[PDB]
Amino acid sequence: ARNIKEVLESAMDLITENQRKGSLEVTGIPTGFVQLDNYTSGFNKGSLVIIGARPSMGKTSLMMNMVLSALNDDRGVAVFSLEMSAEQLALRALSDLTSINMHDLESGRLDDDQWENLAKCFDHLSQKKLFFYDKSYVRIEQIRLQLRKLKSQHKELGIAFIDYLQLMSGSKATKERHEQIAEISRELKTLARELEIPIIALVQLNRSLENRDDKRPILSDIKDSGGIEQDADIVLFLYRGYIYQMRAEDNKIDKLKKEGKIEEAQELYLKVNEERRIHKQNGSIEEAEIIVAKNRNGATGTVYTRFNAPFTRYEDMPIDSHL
């Protein structure tokens, strides 16, 4: 009755409709952030993700949040710490799990509710398939070697984190002769594809970036003599505008006291220091930004999030819930 063209166009409509229906689906490992999952569709196999940040942006803690999200999914996750002991990284994780302050937790001075809670999270985390490497300044050949070995040993391995890659600039760069970022990320991308896992690499951004008026990192900031990095599928930048506002305030006051305007410099100091009292009183919770600066085959943008400073924690929440 109905001919093959009417049927086919209709069958095409069927799969297009399924496609539509399944388009916001998270195909990869959950990020821990729903908005971030919406952009990236999670951390996918063969993907190289770079997270770039200046110091003070809480990059290591954000990573451990993502590590936890990966563990919940029942994936085995590997974590490479170039400049930090695995212990410190575990502590950051236990802190997220127990909501116990990093300062209180590390001091070991805890109340009984806290120990009980800590003890339960300890046993929980202990059952998870998490592999730390905290030998300092390992080269990518070495990193690559360990993952190959790790992957063959554990089929469940599904993601690796690296914290962090430093950017060399100037005399240091010339004298130091480190592997360059564009080459590194080039080999990491090859490794991701080879092992068929996502690789997330933290990169500590250069200070020079801050000469700029707008101190939000840019894609070109991930570079050194040797070129701008080009091989990551996704690039996230961590930006705490509150840290830079705080420094802008301190700087302006000083400026003002210098040049002999005690009248205003004192007024600004008075105003600024009252903004900070209320801030710390309200829990030291600020508005931060996770910038999706690059997303191969995807949308680009900024996810606005709440940064809980005392827990060094970016808030996961939907755009609607935020607001």
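Numbering starts at 1 and follows the sequence shown.
Between the stretches 147-155 and 225-233, it is 147-155 that shows the larger average CA temperature factor. Stretches 126-134 and 171-179 differ in mean C-alpha B factor, with the higher average recorded for 171-179. The maximum CA B-factor among the listed residues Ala265, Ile29, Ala293, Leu48, taken from the PDB record, is found at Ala265. Taking the PDB entry at face value, the top CA B factor among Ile140, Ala160, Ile218, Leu238 belongs to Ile140.
Sort the chain's modelled residues by C-alpha temperature factor and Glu106 lands in the middle third, per the entry. Ranked by Cα temperature factor within the chain, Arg186 sits in the lowest third according to the deposited record. Ranked against the other modelled residues of its chain, the C-alpha B-factor of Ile278 as given in the entry falls in the highest third. When the modelled residues of the chain are ordered by C-alpha B-factor, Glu287 sits in the middle third.
When the CA B factors of the chain's modelled residues are split into thirds, the value for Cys121 lands in the middle one.
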